[PDB]
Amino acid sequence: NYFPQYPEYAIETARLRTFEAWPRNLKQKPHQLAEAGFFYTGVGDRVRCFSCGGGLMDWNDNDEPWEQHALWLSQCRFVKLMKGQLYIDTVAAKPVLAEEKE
C-alpha cells in the first residue's frame, strides 16, 4: 500500500514552515512549492516531496513547481491526487518540458 515517504510533512503548514530559511533570491516562493508538495531541505534550493520522496534542485526563473513535479516525478501520488493523470500527461507533452526530460 501507499504511504507518504515523509509523513511529518503531509500537512501544508508543516511544509511551509521549512521554507523559513528559503533564499529570497529564488522566484519560486514558499507558498507555490509547499502547495506543490515540497518541503525545503535547508541546503541551497533543494526540496523534497513528502509523498514520493523525490527531490528537485536548480530551479530556473520560469519553473512552475507543479509542472516540475509532474514531469520528473510522474508516479507521485500527491500529483495524481491534486492535479490528475491528464495534467501529468499534458506536462510531459509540452515541448520546453519534454526537452528538460530528454
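Throughout, we count residues from 1 along the sequence that is shown.
Undergrad: Could you check which stretch, 25 to 33 or 46 to 54, carries the larger mean CA temperature factor in the entry?
TA: Comparing 25 to 33 with 46 to 54, the higher mean C-alpha B-factor belongs to 25 to 33.
Undergrad: Comparing 55 to 63 with 68 to 76, which stretch shows the greater average C-alpha B-factor in the deposited entry?
TA: Averaging CA B-factors over each stretch, the winner is 55 to 63.
Undergrad: Quick one: classify residue 93 as lowest, middle or highest third of the chain based on its Cα B-factor.
TA: For residue 93, the deposited C-alpha B-factor lands in the middle third.
Undergrad: Would you check the entry's CA temperature factor for residue 9 and let me know if it's in the chain's lowest, middle or highest third?
TA: Middle third by C-alpha B-factor.
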